[PDB]
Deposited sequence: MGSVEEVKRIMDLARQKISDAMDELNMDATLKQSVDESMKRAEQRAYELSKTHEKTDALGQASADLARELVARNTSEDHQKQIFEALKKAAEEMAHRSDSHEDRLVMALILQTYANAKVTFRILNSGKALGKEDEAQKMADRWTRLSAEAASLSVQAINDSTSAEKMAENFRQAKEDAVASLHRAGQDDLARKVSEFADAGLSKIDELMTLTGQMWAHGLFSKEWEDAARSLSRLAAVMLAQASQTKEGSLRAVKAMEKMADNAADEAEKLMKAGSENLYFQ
């Protein structure tokens, strides 16, 4: 419970540093300082009742759904995304403190990018009436998985066991849902070391948007998240691998948001 506070304080000070370096709006800055004060207090509140990884995941999820806020201009939200991306980029320049923290901003940045596009798509399309709230809980599960994957980075057999488990699970899940081709591409991606992490993160994001909008793709999206989280835990052990992880997480966030927009403007009209 005590190690969570150091993670939240360090990551928070890094987004504060990125905010000051970027010449941001003073009101926008201190509003976000209070917004992650909320995540600081919530990190301590949810522990000892929920597990530590679950508390960190919901802290990041509420932090991102917070970072969208209520009435914020598009440039300010883009600037929040820029501050998170730059803070992760500079967190790639370093301890076990750095790797777990950098994943936490990346999970929050990925969560915040997709939530903002879900909410903004309804305003243009006239469908402001709801899917973003579930995505917060789904990414709360996802953020704890990525935290746990980097929590496993101290070992070397837990790494191989988790990697083989997640590769088998992702291939089996896509086979089980009738996607034989995609299952074989996921096997190839998992077979190519870290050289195919960009395409795997693109596919992971697109399936995150599809498992959000339809429950029949949920297990495939979760299994792809497990495989991707293991891979990113392998990447962040080094310096440029942390940088490649930052770029790959950006890839996942952008593709998940693009597929979320495409799915919102396609016939999501049910029937009474």
- [ ] Can you give me the gaps, meaning deposited-sequence stretches with no C-alpha coordinates, in sequence order?
- [x] 1 to 3, 98 to 99, 135 to 137, 281 to 282
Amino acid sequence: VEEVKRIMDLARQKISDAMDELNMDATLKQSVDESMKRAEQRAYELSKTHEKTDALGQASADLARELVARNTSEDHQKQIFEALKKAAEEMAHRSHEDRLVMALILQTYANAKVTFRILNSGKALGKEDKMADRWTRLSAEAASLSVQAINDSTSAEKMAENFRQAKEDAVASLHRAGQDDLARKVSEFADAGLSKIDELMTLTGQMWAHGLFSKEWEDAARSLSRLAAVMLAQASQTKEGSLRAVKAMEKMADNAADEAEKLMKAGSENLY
From here on, numbers count along this sequence of modelled residues.
- [ ] Going by the average Cα B-factor in the PDB entry, point out whether 100 to 108 or 186 to 194 comes out higher.
- [x] 100 to 108
TODO: Between 164 to 172 and 147 to 155, point out the one with the higher average CA B-factor as the PDB entry records it.
DONE: 147 to 155
- [ ] Tell me, please, which of 204, 234, 31, 223 has the highest C-alpha B factor according to the deposited entry?
- [x] 31
- [ ] Would you check the entry's CA temperature factor for residue 94 and let me know if it's in the chain's lowest, middle or highest third?
- [x] highest
Open item on the list: Considering every modelled residue of the chain and its Cα B-factor in the PDB entry, is residue 71 in the lowest, middle or highest third?
Closed with: highest
Task: Third of the chain's Cα B-factor distribution that residue 211 belongs to, per the entry - done: lowest
Open item on the list: Looking at the temperature factor on the CA atom of residue 19, which third of the chain's modelled residues does it land in?
Closed with: highest
Open item on the list: Ranking every modelled residue in this chain by its Cα temperature factor as given in the entry, which third contains residue 264?
Closed with: middle
